[PDB]
Structure formats: structure tokens, C-alpha cells
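Remarks on the structure that follows.
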Ligand SMILES: Cc1ccc(C(C)C)cc1O
Ligand SMILES: Cc1ccc(C(C)C)cc1O
Ligand code: NA
């Protein structure tokens, strides 16, 4: 799996690909990585772009939870891995409450952060 430094480098590259498509500032993006979620549609759709870049958005506009779990297994350092997977399982039905795909990814991500803020990270 990646080290935490490598994981951050990977997340930074995903941010650098997706952030230009949305009216999202460093304050908004750093806050999001830190588990603070501005209620801003541009930030919600940024989270969907990140899920799309990870290849975890199906073409129906839903989150592929099994693919997300397989990525965390492969990529996350062990102090993060089992906790991230338990968070993902816990939050797997949040997306069913939202019609809009940017809502699905934003609120699913916020569920992961609330599950354990010390483990949580996001691009
Ligand atoms: C949404 C999302 C962000 C980062 C990663 C990797 C960098 C662990 C996977 C993923 O599915
Ligand atoms: C179940 C579930 C999958 C992916 C994500 C994020 C990583 C997009 C959150 C979540 O709660
Ligand atoms: Na856990």
C-alpha cells in the first residue's frame, strides 16, 4: 500500500485535475480534506469529479461501494485501511437518500468523515 506521504501526493494530483472545473478555493478544499464540508454546490460536484477520477462512479451516477473498498484495501496504509473500510460499509446506503449524484458523493463523503475524523482524508 502507499505511505501517508504517497497517499497525499496521489490526492493532490486528483485535486489538481478536478479543482479547475469548479469554483472551489484552497480554503474550501483544505477544509474538506480536514473533514469540514461547505454547503456549496461547486464543492459537492468537485467531490463527484474526484469519485469519477477514482473510477468509482457507475454510469447510472451511483457510487460503486465494492470498487471503493477494493481501492482502500490496495492503497491505504494499515492504520487507515480497516477503519476506512468499516466507515465505507457503515455509510454505503447514504447515497440512496439523494437523487442528485453530487449530493450522493458529498453526503457519502461527509458520512465517512463523521464516522472517524482522525482517519478521514479526501483529495
Ligand atoms: C474517491 C477516492 C479518493 C481517493 C482515492 C485513493 C487516492 C485512495 C480513492 C478514491 O476512491
Ligand atoms: C460508501 C461510500 C463510498 C465512497 C465514498 C466516497 C469516497 C466517495 C463515500 C462513501 O460513504
Ligand atoms: Na471502525
Exercise. Select from segment 54-72 the residues that are more than 8 Å from ligand 2 (Cβ to nearest atom) and touching a residue at least 40 places away in the same chain (Cβ under 8 Å) and write down the one among them that is nearest to the chain's Cα centre (by Cα).
Key: 57
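Would you check which residues across segment 84-93 are assigned to a helix (DSSP H, G or I) and more than 14 Å from ligand 1 (Cβ to nearest atom) and list them? Give the steps one after another, and end with the answer.
So in segment 84-93, the residues assigned to a helix (DSSP H, G or I) come out as 84-90.
Scanning segment 84-93 gives 86, 89, 90.
With respect to residue 13, determine if the residue is near ligand 1 (Cβ under 10 Å from one of its atoms), farther than 16 Å from residue 98 by Cα and out of contact with any helix residue (DSSP H, G or I) (no Cβ under 6 Å at 6 or more places or on another chain).
Values: near ligand 1 (Cβ under 10 Å from one of its atoms): yes; farther than 16 Å from residue 98 by Cα: yes; out of contact with any helix residue (DSSP H, G or I) (no Cβ under 6 Å at 6 or more places or on another chain): yes.
When the stated conditions are applied, residue 13 passes them.
On the given criteria, is residue 80 farther than 14 Å from residue 11 by Cα, out of contact with any helix residue (DSSP H, G or I) (no Cβ under 6 Å at 6 or more places or on another chain) and crowded, with 19+ Cβ neighbours inside 10 Å? Outline the logic, then answer.
Details: farther than 14 Å from residue 11 by Cα: yes; out of contact with any helix residue (DSSP H, G or I) (no Cβ under 6 Å at 6 or more places or on another chain): yes; crowded, with 19+ Cβ neighbours inside 10 Å: yes.
Here the answer is yes, as residue 80 does meet what is asked.
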Practice problem: Answer yes or no: is there a residue in segment 86-102 that is closer than 16 Å to residue 7 by Cβ and surrounded by 14 or more Cβ atoms within 10 Å (Cβ to Cβ). | Solution: yes
Quiz item: Has segment 47-55 got at least one residue that is touching a helix residue (DSSP H, G or I) at 6+ places or on another chain (Cβ under 9 Å), within 16 Å of ligand 3 (Cβ to nearest atom) and under 21 Å from residue 4 (Cα atoms)?
Solution: no
Quiz item: Can you find a residue in segment 100-118 that is assigned to a loop (DSSP other than H, G, I, E, B), closer than 21 Å to residue 49 by Cβ and near ligand 2 (Cβ under 10 Å from one of its atoms)?
Solution: no
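Give 92, 41, 81 a once-over and let me know the one that is farther than 23 Å from residue 16 by Cα and touching a residue at least 40 places away in the same chain (Cβ under 8 Å). Steps first, answer last, please.
On the way: 92 fails: touching a residue at least 40 places away in the same chain (Cβ under 8 Å); 41 fails: farther than 23 Å from residue 16 by Cα.
Testing whether each residue is farther than 23 Å from residue 16 by Cα and touching a residue at least 40 places away in the same chain (Cβ under 8 Å) leaves just 81.
No value in this document is a laboratory result; all are computed from the given coordinates. A quick note on method: Cβ atoms are made from the backbone with ideal geometry, for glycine too, and the neighbour counts reach across all protein chains shown.
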